[PDB]
Structure formats: C-alpha cells, structure tokens
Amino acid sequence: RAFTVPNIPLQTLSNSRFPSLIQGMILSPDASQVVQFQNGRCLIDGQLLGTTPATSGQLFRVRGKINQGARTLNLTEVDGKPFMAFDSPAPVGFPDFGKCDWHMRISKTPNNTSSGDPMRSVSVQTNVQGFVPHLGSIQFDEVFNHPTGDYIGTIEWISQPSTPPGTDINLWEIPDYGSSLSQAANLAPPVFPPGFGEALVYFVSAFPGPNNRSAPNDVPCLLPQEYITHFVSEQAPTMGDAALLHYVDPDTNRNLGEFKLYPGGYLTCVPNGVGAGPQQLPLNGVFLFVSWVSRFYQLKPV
C-alpha cells in the first residue's frame, strides 16, 4: 500500500495528547529540548507506542475502581477491560501531562439512578509516591467519600505542581509512571533534536488552568491524532529514511514549505535562520506526501 497522509487542513486536525483542535505549529523554545510523550506516538507504518490510542475516543481518559473511603483508583482500560500491570506505563489513552496537578472530573458508570449529579471532583499529584500507574493505581489528594464503583472521567483543568513549591507547569515533560522499586516498562522512547539544521515540529493546543506566567497552558504533541488513526488503518510500509511532505495552501495549491516525516512518527523542518520556522505559516494548509527520501536529502529552509 502506498503511503499517504490525511487530506485535511491542519487547523481542523486534533492534538494527540488531548482531544482538541490544533491551534499552532511550533519549534521547541529550547533548541535542545528532548521529548518523551507517551501519547501521540505512532510509527508511520501504524505501530502505536507508549500509551497511544488508535483514535480520539480512548484518548485522555481515566477509568478504574475505587472504594468508598479510599484514596486509590485502581486502573482499568477505558473500556473496562483489566489493565495488565508491569507491561505498559499506563492504560491506553491515560494522560501524559507531566509537571502539573490534575483536577479531574469522574462519575460512576453505568448510570443506575433516576436523579442526581453524578460528577465528582478529585485531584491528582503526579510526582508523589502514590502516583504509580505502571503498577495499576493512582492516588487522589483526598479520601474519596462517595459510593464504591467503576469510575470514568478525565482531567478538566491543570495547575502548578504542589511540590516542589513555586515550580511552574511544564507540559514538555511526562509524569513519573514508575514506582519506588520499579521503573515503568515499555515507555515510548525519547525523541532527540535532529541537528544538521533540522528541528522538530510540535502541534500545540491550549488546555484550561492557571500557571506562573498567567498565560495559556500550551500542550505540544508530535502528530495530529488523525494521522495516527490513518496510519493504523493504512499500515503502509516505510520505504525511505523519511517521507518528504509539502505543506500546501489548498486555496492556491502553493507549496508553503518542505517537511520530513520520519519513520519514528515525528516531523522536522529546516528553519531559515532565527525568527523563521513553521510558526510563521498559516494553519489552513494541508500536508501532502511527495516522495520517500534518503538520509542524504537536505530540506529547503522554511
């Protein structure tokens, strides 16, 4: 099967770390930034990595059992199937927002009642001893004095981590999935800056909550979720060092810039000096697969 990417404008595509439209395309503020996101990780032949779901339905949800009077949510997969501990960093689609406090909204499922607000607020710190999703559990800040059951929900807003005091949100990082006696197994590996004039491209969407900068919380990811779904369905074999893409204005068919899509599931470009980069481009463009290229192909600066 021949390789393709979805024929949909970037601004209509979705973040792969949480369900939301993509609102920007950027380089990392630190040129040396290494990332290790667990969601939005997919080899371009359709192999999912880390905790990455095939589709948005599973993305950025948390599900588990909790007993009345406990602080611990014992995780399952989003569809209620058992989570196999020690195997993966966390259930598929589990949030990968590091360096922040999570303020979640959850509810008991299925409904078995004729009245009542089912929504419960809980908070999760990700750098504490009780945050051990790789062992199958996370700990809420407070005792959960609500009925025992199967709860499902998501993070509604984030704030600065409670500890160390004063530290800011840093969404370039992932939480500590592991425990005191065990590192998390099968983490999607780190992605390093490519060098040779190339730079990683990140797709960003704003997420609710405060921070020390009194500005939006911007969530960077490596691939639009629709690209992931496409690759999972298509399973097109990787036949070059990189897939050369053109970012095309669909109104005019003008090529706005060359990008490389690497087998590992990330995009690069060559910024044309400081100030230049993909953030200068309109967001109504569509990426188009042009050709497989070798390791010796040099991108035209953007």
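Quick note: we count residues from 1 along the sequence shown, nothing fancier.
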Legend entry - Higher-B stretch (mean Cα B-factor, as the entry records it), 157 to 165 or 225 to 233: 157 to 165
Legend entry - Which of 118 to 126 and 76 to 84 has higher mean CA B factor, as the PDB entry lists it: 76 to 84
Inset, instruction - Could you say which of 26, 62, 34, 270 has its CA atom at the highest B factor, as listed in the PDB entry? - result: 270
Legend entry - Top residue by Cα temperature factor, when 107, 170, 180, 205 are compared in the entry: 180
Inset, instruction - Could you look up the Cα B-factor of residue 254 in the entry and say which third of the chain it sits in: lowest, middle or highest? - result: highest
Legend entry - Chain-relative CA temperature factor third for residue 176: highest
Inset, instruction - Name the third of the chain's ranked CA B-factors that contains residue 140, choosing lowest, middle or highest. - result: middle
Inset, instruction - Taking the values exactly as deposited, rank residue 264 by C-alpha B-factor within its chain and report the matching third: lowest, middle or highest. - result: lowest
Inset, instruction - Would you mind checking where the Cα B-factor of residue 38 ranks among the modelled residues of its chain, as the lowest, middle or highest third? - result: lowest
